[PDB]
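Source file: target.txt (compact mmCIF, C-alpha atoms and all ligand atoms)
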```txt
# COMPACT_ATOMS: atom_id res chain seq x y z
CA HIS A 3 138.04 130.18 -42.59
CA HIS A 4 135.42 132.94 -42.51
CA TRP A 5 132.38 133.01 -44.78
CA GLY A 6 132.65 134.59 -48.21
CA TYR A 7 131.58 134.13 -51.81
CA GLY A 8 134.24 131.67 -52.93
CA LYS A 9 133.95 127.98 -53.79
CA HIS A 10 134.99 126.86 -50.30
CA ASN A 11 133.24 129.50 -48.19
CA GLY A 12 130.41 130.66 -50.43
CA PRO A 13 126.57 130.56 -50.11
CA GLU A 14 126.41 126.76 -50.30
CA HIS A 15 128.62 126.55 -47.19
CA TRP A 16 126.94 129.16 -45.00
CA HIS A 17 124.38 126.78 -43.47
CA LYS A 18 127.07 125.04 -41.43
CA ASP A 19 127.81 128.10 -39.26
CA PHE A 20 124.37 129.64 -39.82
CA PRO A 21 121.65 126.93 -39.92
CA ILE A 22 118.99 129.56 -40.58
CA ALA A 23 120.40 129.59 -44.12
CA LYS A 24 117.87 126.83 -44.84
CA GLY A 25 115.17 128.67 -42.91
CA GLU A 26 111.54 129.44 -43.76
CA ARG A 27 111.94 133.07 -44.86
CA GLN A 28 115.35 133.37 -46.52
CA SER A 29 116.41 136.01 -49.04
CA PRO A 30 116.84 136.74 -51.81
CA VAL A 31 114.09 135.09 -53.84
CA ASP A 32 113.02 135.03 -57.46
CA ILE A 33 110.14 137.40 -58.06
CA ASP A 34 107.56 135.71 -60.29
CA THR A 35 105.78 138.77 -61.69
CA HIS A 36 102.78 136.72 -62.78
CA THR A 37 102.26 135.08 -59.39
CA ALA A 38 102.79 138.32 -57.46
CA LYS A 39 99.44 139.81 -56.45
CA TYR A 40 98.40 143.45 -56.16
CA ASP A 41 97.72 144.23 -52.50
CA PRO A 42 95.12 146.94 -51.69
CA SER A 43 96.08 146.92 -48.01
CA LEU A 44 99.46 148.44 -48.88
CA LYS A 45 99.62 152.11 -47.91
CA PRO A 46 101.52 154.68 -49.99
CA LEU A 47 105.29 154.15 -49.70
CA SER A 48 107.18 157.06 -48.18
CA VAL A 49 110.90 157.53 -48.80
CA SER A 50 112.07 160.67 -46.98
CA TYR A 51 115.80 161.07 -47.53
CA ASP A 52 115.90 164.88 -47.55
CA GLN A 53 117.68 165.18 -44.19
CA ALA A 54 119.93 162.16 -44.77
CA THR A 55 123.44 162.59 -43.39
CA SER A 56 126.12 160.22 -44.67
CA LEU A 57 129.28 159.89 -42.60
CA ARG A 58 131.65 157.28 -43.94
CA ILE A 59 132.17 154.64 -46.62
CA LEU A 60 133.70 151.29 -45.70
CA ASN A 61 135.05 148.21 -47.49
CA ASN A 62 134.04 145.41 -45.12
CA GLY A 63 135.55 142.65 -47.24
CA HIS A 64 132.17 141.61 -48.66
CA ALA A 65 130.93 144.88 -50.17
CA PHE A 66 131.21 148.59 -49.38
CA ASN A 67 128.88 150.42 -47.03
CA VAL A 68 127.95 154.08 -47.13
CA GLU A 69 126.98 154.66 -43.50
CA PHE A 70 124.63 157.34 -42.20
CA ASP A 71 124.12 159.12 -38.89
CA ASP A 72 121.04 157.44 -37.43
CA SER A 73 121.17 159.02 -33.97
CA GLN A 74 118.13 161.10 -34.97
CA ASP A 75 115.08 160.67 -37.20
CA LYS A 76 116.34 161.93 -40.55
CA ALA A 77 116.29 159.58 -43.53
CA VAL A 78 113.23 157.44 -42.90
CA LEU A 79 111.22 154.85 -44.79
CA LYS A 80 107.55 154.37 -43.90
CA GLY A 81 104.23 153.39 -45.43
CA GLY A 82 103.78 150.58 -47.90
CA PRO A 83 103.74 147.28 -45.95
CA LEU A 84 105.53 148.94 -43.05
CA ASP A 85 104.13 149.59 -39.60
CA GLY A 86 105.88 152.55 -38.03
CA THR A 87 109.10 154.34 -38.95
CA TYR A 88 112.30 152.75 -40.22
CA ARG A 89 115.55 154.72 -40.08
CA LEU A 90 118.22 154.57 -42.79
CA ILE A 91 121.53 153.33 -41.40
CA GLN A 92 123.52 152.36 -44.50
CA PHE A 93 123.38 151.21 -48.10
CA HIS A 94 125.54 148.91 -50.19
CA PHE A 95 125.46 146.97 -53.43
CA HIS A 96 125.87 143.43 -54.71
CA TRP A 97 127.32 143.06 -58.21
CA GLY A 98 128.73 140.55 -60.65
CA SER A 99 131.87 139.88 -62.65
CA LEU A 100 129.84 140.40 -65.83
CA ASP A 101 126.85 142.60 -66.71
CA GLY A 102 124.59 139.54 -66.96
CA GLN A 103 124.73 138.74 -63.25
CA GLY A 104 125.11 140.48 -59.91
CA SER A 105 121.67 141.09 -58.42
CA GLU A 106 120.41 138.95 -55.55
CA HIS A 107 116.71 139.16 -56.26
CA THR A 108 115.71 138.13 -59.77
CA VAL A 109 112.61 139.03 -61.79
CA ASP A 110 111.12 136.07 -63.64
CA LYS A 111 114.61 134.58 -63.22
CA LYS A 112 116.23 137.62 -64.86
CA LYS A 113 119.46 138.68 -63.14
CA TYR A 114 120.43 142.37 -63.19
CA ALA A 115 124.01 143.67 -63.25
CA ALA A 116 123.77 144.75 -59.61
CA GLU A 117 121.42 145.52 -56.75
CA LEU A 118 121.36 148.45 -54.33
CA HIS A 119 120.28 147.83 -50.75
CA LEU A 120 119.21 150.71 -48.49
CA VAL A 121 119.05 149.27 -44.97
CA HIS A 122 116.65 150.67 -42.36
CA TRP A 123 115.81 149.61 -38.79
CA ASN A 124 112.46 149.90 -36.98
CA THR A 125 112.75 152.82 -34.55
CA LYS A 127 110.38 151.27 -32.03
CA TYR A 128 113.18 148.88 -31.06
CA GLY A 129 115.55 151.64 -30.01
CA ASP A 130 118.65 150.51 -31.88
CA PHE A 131 119.99 148.50 -34.81
CA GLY A 132 121.12 145.64 -32.58
CA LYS A 133 117.78 145.21 -30.82
CA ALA A 134 115.98 145.47 -34.16
CA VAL A 135 117.76 142.41 -35.56
CA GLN A 136 116.18 140.36 -32.78
CA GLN A 137 112.69 141.15 -34.08
CA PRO A 138 110.60 139.67 -36.95
CA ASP A 139 109.93 143.20 -38.21
CA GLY A 140 113.15 144.82 -37.07
CA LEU A 141 114.44 145.77 -40.52
CA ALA A 142 113.25 147.07 -43.87
CA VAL A 143 115.53 146.94 -46.89
CA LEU A 144 114.74 148.89 -50.03
CA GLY A 145 116.18 147.06 -53.01
CA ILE A 146 116.87 148.70 -56.36
CA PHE A 147 118.11 146.91 -59.46
CA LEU A 148 120.93 148.29 -61.59
CA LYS A 149 121.22 147.69 -65.32
CA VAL A 150 124.03 148.84 -67.59
CA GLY A 151 123.26 151.71 -69.93
CA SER A 152 123.39 155.44 -69.29
CA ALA A 153 125.41 156.62 -66.29
CA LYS A 154 123.70 157.48 -63.01
CA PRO A 155 124.98 160.98 -62.10
CA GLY A 156 124.10 160.57 -58.44
CA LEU A 157 126.32 157.49 -58.18
CA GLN A 158 129.55 159.03 -59.45
CA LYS A 159 130.47 160.43 -56.02
CA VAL A 160 130.48 156.87 -54.70
CA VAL A 161 132.39 155.53 -57.69
CA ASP A 162 135.14 158.13 -57.28
CA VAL A 163 135.85 157.35 -53.63
CA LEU A 164 136.28 153.59 -54.16
CA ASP A 165 139.96 153.99 -55.02
CA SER A 166 140.53 155.08 -51.42
CA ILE A 167 138.90 151.98 -49.92
CA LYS A 168 140.22 149.31 -52.27
CA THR A 169 140.85 146.68 -49.61
CA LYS A 170 139.04 145.09 -46.67
CA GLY A 171 139.06 147.23 -43.55
CA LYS A 172 139.65 150.55 -45.31
CA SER A 173 137.23 153.40 -44.71
CA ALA A 174 137.00 157.04 -45.79
CA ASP A 175 135.03 160.11 -44.82
CA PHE A 176 131.95 160.35 -46.99
CA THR A 177 129.79 163.21 -45.82
CA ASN A 178 126.96 165.01 -47.56
CA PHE A 179 126.10 162.18 -49.95
CA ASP A 180 122.44 162.39 -50.99
CA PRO A 181 120.90 158.92 -51.53
CA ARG A 182 117.96 160.53 -53.35
CA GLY A 183 120.19 160.60 -56.42
CA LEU A 184 120.11 156.80 -56.58
CA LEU A 185 116.34 156.38 -56.84
CA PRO A 186 114.41 155.58 -60.03
CA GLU A 187 111.35 157.61 -61.03
CA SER A 188 108.72 155.08 -60.00
CA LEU A 189 108.22 153.64 -56.54
CA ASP A 190 106.20 150.65 -57.79
CA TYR A 191 107.42 147.67 -55.78
CA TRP A 192 107.12 144.05 -54.70
CA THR A 193 107.27 143.16 -51.02
CA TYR A 194 107.67 140.02 -48.95
CA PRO A 195 109.02 138.92 -45.55
CA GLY A 196 112.64 137.83 -45.74
CA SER A 197 116.13 137.89 -44.26
CA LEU A 198 119.59 139.38 -44.43
CA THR A 199 121.30 137.98 -47.54
CA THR A 200 124.69 137.43 -45.92
CA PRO A 201 125.55 135.71 -42.65
CA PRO A 202 124.09 135.85 -40.02
CA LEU A 203 121.12 135.63 -42.43
CA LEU A 204 118.71 136.81 -39.72
CA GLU A 205 115.02 136.68 -40.64
CA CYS A 206 114.10 140.20 -39.51
CA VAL A 207 113.61 141.89 -42.89
CA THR A 208 110.60 143.27 -44.72
CA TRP A 209 111.83 143.50 -48.31
CA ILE A 210 110.64 146.25 -50.62
CA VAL A 211 112.08 145.72 -54.10
CA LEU A 212 111.43 148.45 -56.66
CA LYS A 213 110.24 147.36 -60.09
CA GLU A 214 112.01 150.11 -62.04
CA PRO A 215 115.78 149.64 -62.20
CA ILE A 216 118.19 152.53 -62.39
CA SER A 217 120.72 152.73 -65.20
CA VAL A 218 124.43 152.95 -64.45
CA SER A 219 127.24 153.10 -67.01
CA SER A 220 129.60 150.27 -67.86
CA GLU A 221 132.43 152.47 -66.58
CA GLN A 222 130.71 152.93 -63.21
CA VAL A 223 130.12 149.23 -62.58
CA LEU A 224 133.62 148.43 -63.85
CA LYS A 225 135.02 150.47 -60.98
CA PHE A 226 132.91 148.45 -58.53
CA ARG A 227 134.77 145.41 -59.88
CA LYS A 228 138.19 146.91 -59.09
CA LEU A 229 137.57 146.67 -55.35
CA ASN A 230 139.18 143.84 -53.36
CA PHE A 231 137.77 141.16 -51.03
CA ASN A 232 141.25 140.88 -49.53
CA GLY A 233 142.99 143.20 -47.11
CA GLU A 234 145.98 145.39 -47.99
CA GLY A 235 149.18 143.46 -48.62
CA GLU A 236 147.37 140.20 -49.38
CA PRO A 237 146.90 138.37 -52.71
CA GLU A 238 144.41 140.28 -54.85
CA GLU A 239 140.95 138.78 -55.20
CA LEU A 240 138.63 141.12 -57.07
CA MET A 241 135.40 141.97 -55.27
CA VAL A 242 132.93 140.57 -57.80
CA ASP A 243 129.92 138.26 -57.62
CA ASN A 244 129.25 139.11 -53.98
CA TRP A 245 125.62 138.06 -54.36
CA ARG A 246 123.62 135.21 -52.86
CA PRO A 247 121.42 133.23 -55.26
CA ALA A 248 117.63 132.97 -55.03
CA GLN A 249 116.35 130.92 -52.09
CA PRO A 250 113.15 128.82 -51.76
CA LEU A 251 110.03 130.97 -51.49
CA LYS A 252 108.43 128.38 -49.21
CA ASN A 253 105.31 129.60 -47.38
CA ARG A 254 105.37 133.16 -48.70
CA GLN A 255 103.54 135.36 -51.17
CA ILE A 256 105.04 138.32 -52.96
CA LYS A 257 102.72 141.31 -53.01
CA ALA A 258 102.74 144.07 -55.62
CA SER A 259 102.06 147.73 -54.87
CA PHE A 260 100.65 148.22 -58.37
CA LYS A 261 97.72 146.84 -60.38
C1 LIG A 301 126.63 143.99 -37.81
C2 LIG A 301 125.52 142.88 -37.67
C3 LIG A 301 125.88 141.67 -38.59
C4 LIG A 301 125.68 141.96 -40.10
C5 LIG A 301 124.25 142.45 -40.41
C6 LIG A 301 123.95 142.60 -41.92
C7 LIG A 301 124.41 141.63 -42.86
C8 LIG A 301 124.14 141.74 -44.24
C9 LIG A 301 123.41 142.85 -44.70
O1 LIG A 301 123.18 142.90 -46.10
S1 LIG A 301 121.67 142.71 -46.67
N1 LIG A 301 121.79 142.25 -48.16
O2 LIG A 301 121.09 144.01 -46.61
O3 LIG A 301 121.11 141.64 -45.91
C10 LIG A 301 122.94 143.84 -43.83
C11 LIG A 301 123.21 143.73 -42.43
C12 LIG A 301 122.69 144.81 -41.50
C13 LIG A 301 122.64 144.35 -40.02
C14 LIG A 301 123.99 143.77 -39.60
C15 LIG A 301 124.08 143.44 -38.07
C16 LIG A 301 123.73 144.65 -37.15
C17 LIG A 301 123.75 144.30 -35.68
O4 LIG A 301 123.00 144.93 -34.93
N2 LIG A 301 124.65 143.22 -35.23
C18 LIG A 301 124.68 142.84 -33.75
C19 LIG A 301 123.63 141.93 -33.28
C20 LIG A 301 123.44 140.65 -33.80
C21 LIG A 301 122.36 139.76 -33.30
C22 LIG A 301 121.54 140.24 -32.29
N3 LIG A 301 121.73 141.45 -31.81
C23 LIG A 301 122.74 142.33 -32.26
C24 LIG A 301 125.53 142.49 -36.18
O5 LIG A 301 126.29 141.58 -35.80
CL CL A 302 137.89 133.03 -56.15
ZN ZN A 303 122.59 143.56 -49.49
```
Starting from the file, lay out its structure as structure tokens.
Amino acid sequence: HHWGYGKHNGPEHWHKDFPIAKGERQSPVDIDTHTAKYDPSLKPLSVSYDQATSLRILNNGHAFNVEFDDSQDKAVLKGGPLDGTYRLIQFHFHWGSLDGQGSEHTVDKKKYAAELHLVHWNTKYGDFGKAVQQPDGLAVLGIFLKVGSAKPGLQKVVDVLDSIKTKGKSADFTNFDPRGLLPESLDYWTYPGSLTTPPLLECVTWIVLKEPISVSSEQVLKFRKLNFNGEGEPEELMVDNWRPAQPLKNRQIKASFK
């Protein structure tokens, strides 16, 4: 009986195996645009994905991860609210069964069709594993997806999903450029949070971009053809793999823009 997104193992059940689920800095959260305050202390955000090297794409039974080679300083995120350099290790999405839901973070309670998460770990901790034992071990860049025009840079990902339909399946996925998934503006909101799936560790500095990217209905529809189940098991479509907004508690969301 492992955790999942169903009625009997979903978000409302996670706290039993992972008590931190009711912690003080859980994610995602609703972003109240009117309460968010511009922060002058924020330095310019730097997203350097030019030397990014993807290696494989994997269906882990919860979502699909496009993994990168992080053995060297290539794709790095720095600046903004970040202290030091954070290295890109993988990215994935959260999406819904319908266009009206799917994102984890919400803006003034508005839910987007999906949300892209680019995961990075603080290089001063040596590795990914050590980083998740630190309050500032990770930095996740979140990008909302709305349904409209297709996102050309996403098609490569969409087309390989047929080869990793079920849990446990992986496929080579080299030379994918994550720069093709970024919106024009880097305006963002930031706050201290956690991983949004078990183990829900509170080691994340969240940077959520204000401008969403547009993806086509056809592209998101293919996301919904993936399976939560493994090969040879009853089919359960991989949809609504998002955690709802959690209590903001003692936190303030800062804006990078006036
Ligand atoms: C694989 C992992 C569990 C899942 C974690 C996880 C879960 C959801 C997730 O999605 S979201 N929305 O970005 O939060 C991202 C990650 C990235 C980190 C990853 C951990 C990376 C890691 O070193 N360890 C080992 C570990 C755990 C605790 C202390 N030291 C090392 C994990 O078990
Ligand atoms: Cl179900
Ligand atoms: Zn995520």
Counting all atoms listed in the file, which residues in chain A sit no more than 10 Å from ligand LIG 301 (chain A)? For each one, give the nearest pair of atoms and the distance in Å, sorted by chain then residue number, as JSON lines.
```
{"residue": "A:29", "atom": "CA", "partner": "A:LIG301", "partner_atom": "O3", "distance": 8.0}
{"residue": "A:30", "atom": "CA", "partner": "A:LIG301", "partner_atom": "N1", "distance": 8.3}
{"residue": "A:64", "atom": "CA", "partner": "A:LIG301", "partner_atom": "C8", "distance": 9.2}
{"residue": "A:65", "atom": "CA", "partner": "A:LIG301", "partner_atom": "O1", "distance": 9.0}
{"residue": "A:67", "atom": "CA", "partner": "A:LIG301", "partner_atom": "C10", "distance": 9.4}
{"residue": "A:91", "atom": "CA", "partner": "A:LIG301", "partner_atom": "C12", "distance": 8.6}
{"residue": "A:92", "atom": "CA", "partner": "A:LIG301", "partner_atom": "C12", "distance": 8.2}
{"residue": "A:93", "atom": "CA", "partner": "A:LIG301", "partner_atom": "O2", "distance": 7.7}
{"residue": "A:94", "atom": "CA", "partner": "A:LIG301", "partner_atom": "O2", "distance": 7.5}
{"residue": "A:95", "atom": "CA", "partner": "A:LIG301", "partner_atom": "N1", "distance": 8.0}
{"residue": "A:96", "atom": "CA", "partner": "A:LIG301", "partner_atom": "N1", "distance": 7.8}
{"residue": "A:106", "atom": "CA", "partner": "A:LIG301", "partner_atom": "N1", "distance": 8.2}
{"residue": "A:117", "atom": "CA", "partner": "A:LIG301", "partner_atom": "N1", "distance": 9.2}
{"residue": "A:118", "atom": "CA", "partner": "A:LIG301", "partner_atom": "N1", "distance": 8.8}
{"residue": "A:119", "atom": "CA", "partner": "A:LIG301", "partner_atom": "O2", "distance": 5.7}
{"residue": "A:120", "atom": "CA", "partner": "A:LIG301", "partner_atom": "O2", "distance": 7.2}
{"residue": "A:121", "atom": "CA", "partner": "A:LIG301", "partner_atom": "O2", "distance": 5.9}
{"residue": "A:122", "atom": "CA", "partner": "A:LIG301", "partner_atom": "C12", "distance": 8.5}
{"residue": "A:123", "atom": "CA", "partner": "A:LIG301", "partner_atom": "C13", "distance": 8.7}
{"residue": "A:130", "atom": "CA", "partner": "A:LIG301", "partner_atom": "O4", "distance": 7.7}
{"residue": "A:131", "atom": "CA", "partner": "A:LIG301", "partner_atom": "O4", "distance": 4.7}
{"residue": "A:132", "atom": "CA", "partner": "A:LIG301", "partner_atom": "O4", "distance": 3.1}
{"residue": "A:133", "atom": "CA", "partner": "A:LIG301", "partner_atom": "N3", "distance": 5.5}
{"residue": "A:134", "atom": "CA", "partner": "A:LIG301", "partner_atom": "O4", "distance": 7.1}
{"residue": "A:135", "atom": "CA", "partner": "A:LIG301", "partner_atom": "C22", "distance": 5.4}
{"residue": "A:136", "atom": "CA", "partner": "A:LIG301", "partner_atom": "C22", "distance": 5.4}
{"residue": "A:137", "atom": "CA", "partner": "A:LIG301", "partner_atom": "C22", "distance": 9.1}
{"residue": "A:140", "atom": "CA", "partner": "A:LIG301", "partner_atom": "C13", "distance": 9.9}
{"residue": "A:141", "atom": "CA", "partner": "A:LIG301", "partner_atom": "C13", "distance": 8.3}
{"residue": "A:142", "atom": "CA", "partner": "A:LIG301", "partner_atom": "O2", "distance": 8.9}
{"residue": "A:143", "atom": "CA", "partner": "A:LIG301", "partner_atom": "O2", "distance": 6.3}
{"residue": "A:144", "atom": "CA", "partner": "A:LIG301", "partner_atom": "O2", "distance": 8.7}
{"residue": "A:145", "atom": "CA", "partner": "A:LIG301", "partner_atom": "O2", "distance": 8.6}
{"residue": "A:196", "atom": "CA", "partner": "A:LIG301", "partner_atom": "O3", "distance": 9.3}
{"residue": "A:197", "atom": "CA", "partner": "A:LIG301", "partner_atom": "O3", "distance": 6.4}
{"residue": "A:198", "atom": "CA", "partner": "A:LIG301", "partner_atom": "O3", "distance": 3.1}
{"residue": "A:199", "atom": "CA", "partner": "A:LIG301", "partner_atom": "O3", "distance": 4.0}
{"residue": "A:200", "atom": "CA", "partner": "A:LIG301", "partner_atom": "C8", "distance": 4.7}
{"residue": "A:201", "atom": "CA", "partner": "A:LIG301", "partner_atom": "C7", "distance": 6.0}
{"residue": "A:202", "atom": "CA", "partner": "A:LIG301", "partner_atom": "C3", "distance": 6.3}
{"residue": "A:203", "atom": "CA", "partner": "A:LIG301", "partner_atom": "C7", "distance": 6.9}
{"residue": "A:204", "atom": "CA", "partner": "A:LIG301", "partner_atom": "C5", "distance": 7.9}
{"residue": "A:205", "atom": "CA", "partner": "A:LIG301", "partner_atom": "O3", "distance": 9.5}
{"residue": "A:206", "atom": "CA", "partner": "A:LIG301", "partner_atom": "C13", "distance": 9.5}
{"residue": "A:207", "atom": "CA", "partner": "A:LIG301", "partner_atom": "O3", "distance": 8.1}
{"residue": "A:209", "atom": "CA", "partner": "A:LIG301", "partner_atom": "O2", "distance": 9.4}
{"residue": "A:244", "atom": "CA", "partner": "A:LIG301", "partner_atom": "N1", "distance": 10.0}
{"residue": "A:245", "atom": "CA", "partner": "A:LIG301", "partner_atom": "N1", "distance": 8.4}
{"residue": "A:246", "atom": "CA", "partner": "A:LIG301", "partner_atom": "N1", "distance": 8.7}
```
All residues 7 Å or closer to residue 169 (chain A), only C-alpha atoms, same chain fewer than 2 positions away omitted, as a list in words
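My reading of the contact set: residues 61, 167, 171, 172, 229, 230, 231, 232, 233 and 234 of chain A.
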Counting all atoms listed in the file, the option among A:240, A:161, A:84, A:146 closest to ligand ZN 303 (chain A):
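Selected residue with least distance to ligand ZN 303 (chain A): A:146.
Closest approach to residue 49 (chain A) among A:31, A:241, A:77, A:212 is made by A:77 (distances from all atoms listed in the file).
Checking A:239, A:259, A:152, A:138 one by one against ligand CL 302 (chain A), counting only C-alpha atoms and all ligand atoms, you find the shortest gap at A:239.
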Could you tell me which of A:147, A:226, A:88, A:40 comes closest to ligand ZN 303 (chain A) if we count only C-alpha atoms and all ligand atoms?
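Under the stated criterion, the closest residue is A:147.
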Need the shell around residue 218 (chain A): protein/DNA/RNA residues with any atom at most 12 Å away, counting only C-alpha atoms. Skip same-chain ones fewer than 3 positions apart. Format as an MDAnalysis selection string?
chainID A and resid 101 114:118 146:158 161 183:186 215 221:226
Please identify every residue of chain A that has at least one atom no farther than 10 Å from an atom of ligand CL 302 (chain A), counting all atoms listed in the file, and for each give the shortest atom pair and the distance in Å to one decimal, arranged by chain then increasing number, as a tab-separated table.
```
residue	atom	partner	partner_atom	distance
A:6	CA	A:CL302	CL	9.6
A:7	CA	A:CL302	CL	7.7
A:8	CA	A:CL302	CL	5.1
A:9	CA	A:CL302	CL	6.8
A:10	CA	A:CL302	CL	9.0
A:11	CA	A:CL302	CL	9.9
A:12	CA	A:CL302	CL	9.7
A:231	CA	A:CL302	CL	9.6
A:238	CA	A:CL302	CL	9.8
A:239	CA	A:CL302	CL	6.6
A:240	CA	A:CL302	CL	8.2
A:241	CA	A:CL302	CL	9.3
A:242	CA	A:CL302	CL	9.2
A:243	CA	A:CL302	CL	9.6
```
Straight-line distance linking CA of residue 37 (chain A) with CA of residue 24 (chain A), stated in Å to one decimal:
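These two atoms are separated by 22.9 Å.
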Pick from A:255, A:66, A:82, A:168, whichever lies nearest to ligand ZN 303 (chain A) using all atoms listed in the file
A:66
